[PDB]
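Shown below, as structure tokens, is a lone chain in the form solved without the partner chain; questions about how it binds or moves come after it.
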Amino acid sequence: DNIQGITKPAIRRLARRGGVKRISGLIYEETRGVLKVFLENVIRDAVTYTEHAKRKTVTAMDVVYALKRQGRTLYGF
């Protein structure tokens, strides 16, 4: 359905932590979209580490290695 995983106040707090002073009303949807995609990409690569490894409970390390798979962004050289 329209199920969301992050609240509007949470989005405002996250943007505040990023130095954002003002937020457009359209940001709430946009962030909520990006987050969904992000989770979809991580959970996918986590499920492979669980289903192809013959388990039904997704441990933390499955998520850790899926996150490593996603690709690390640094801010310099």
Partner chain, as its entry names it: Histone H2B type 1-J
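Only residues modelled in both forms are compared. Heads up, when I say rigid core I mean the largest set of C-alphas that superpose within 1.5 Å between the two forms. Numbering follows the first chain given and starts at 1.
Of the two segments, 56 to 64 and 11 to 19, the one listed with the higher mean B-factor is 56 to 64 (C-alpha atoms only). Look at the C-alpha B-factors of 2 to 10 and of 66 to 74. On average they run higher in 66 to 74. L35: CA B factor in the middle third of modelled residues in this chain (values from the PDB entry). The deposited CA B-factor of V42 belongs to the middle third of values across its chain.
The discussion below concerns the form deposited with the partner chain bound, not included here.
Shown here without the partner chain, the chain has only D45 in 7 to 45 lying with a heavy atom within 4.5 Å of that partner in the bound PDB entry. The protein segments that move between this form and the one not shown, counted as runs of at least three consecutive residues with every Cα displaced by 2 Å or more relative to the fitted core, are 1 to 5, 72 to 77.
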